[PDB]
């Protein structure tokens, strides 16, 4: 009557003020850990990435949304945890670059090779290396690529595209920045063109804008990328209703969902942190974003439809799910935007876990590309950076600080960070590992090669 348990409840068990009340455990965990260890092969894999979602980000989001002694039913629920490194390389020297971007990190987990900041699917010598999606596909597995960002963004693009710079979104930018990759130059194509060739079964996100560009060469020269996708038999959907109307997605009729021109709308609204924000302004309470929609699918919905479609495959499936805007809102120094996308991702993880639990042969991994700027500090802190006071679920104030940049955007940080997993082969995330180890873990799990 086996089955691998998920963490059902790790909230504070009683009165936070009393002896034993703040305890998240209720008894010895040994037995439960043992039950969590299997080396059986995995049929499927669900990789959920919170971009910029390091330990700090998780904590701030839990404190705010669930209270300090709360528990994220999705994020905190994975039983096997570790900490991994995500350094990148200096292109010229080949030595470590301690603070990676999304492009180099995404490449790392999806290819198993370290690269330079800005590179997608290539190494420091600019050699193309096959990705876990292409490999899964090659072996006959269904494949999914879902994200809240523009599909040309680095995170999802890493799986289907090989370009020297993350910026070559479409023909236009490619010609000018990735001369080596430009179609009209003998190259493989811009990110959007490779994504279309890649042909995963299910791809959903934003970035409808770039599809308005036309190809400078080949069979579809002069037609728009959107027209191209139609001409090659993709099913195009652009709202919740039409998405939910899809019945099957495969190699004959691959799904392509374009839910916004750029990035998909953020779940919550609030003002930006500000200088001495926590002393000069009252505490903030985030509010749902009215532009979020009933016509716009949530991450959990996209995730849910994808598992549905992909699960038809007898052989199994690979699916990557990105909660994109945790990072984008961290850059913007917007606590509410940031937290709100963490809560969003947790909902997506709950869905993956519900599936995995009942299916029994699925590995579900939750992690991030790199760490980010936000820090939880004392309410009376006086910082030279940006700050904001928030009213949390506990009814107490929490102060959030962004102090690693004097200009435009807050930056990434190089701290090692959480990786949690559940299912067959989950054990490979425990202890210290490298981002590149995840590639090999997934490969091995899926039994590829």
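Positions refer to the first chain, counted from 1.
K.L.:
Once you work out the mean C-alpha B-factor for both 428-436 and 15-23 from the entry, which is higher?
P.N.:
The recorded data point to 15-23.
K.L.:
Can you tell me whether 200-208 has a higher mean C-alpha B factor than 327-335 in this record, or the other way round?
P.N.:
Per the deposited B-factors, the answer is 200-208.
K.L.:
Based on what the PDB entry reports, which of 258, 108, 368, 231 has the top C-alpha B-factor?
P.N.:
Out of 258, 108, 368, 231, the record gives the largest C-alpha B-factor to 231.
K.L.:
Maximum C-alpha temperature factor per the entry, among 282, 265, 121, 156, belongs to which one?
P.N.:
That would be 282, according to the entry.
K.L.:
Residue 216's Cα B-factor: lowest, middle or highest third of the chain?
P.N.:
Within its chain, residue 216 is a highest-third residue by C-alpha B-factor, going by the deposited values.
K.L.:
Ordered by C-alpha B-factor within the chain, which third holds residue 387? Give me lowest, middle or highest, please.
P.N.:
For residue 387, the deposited C-alpha B-factor lands in the middle third.
K.L.:
Relative to the other modelled residues in the chain, which third contains the C-alpha temperature factor of residue 72: lowest, middle or highest?
P.N.:
Its C-alpha B-factor, which the entry lists for residue 72, ranks in the lowest third among residues of this chain.
K.L.:
Using the B-factor values recorded in the entry, state whether the Cα atom of residue 243 falls in the lowest, middle or highest third among the modelled residues of its chain.
P.N.:
Highest third.
K.L.:
Is the Cα B-factor recorded for residue 359 in the lowest, middle or highest third of its chain?
P.N.:
Highest third.
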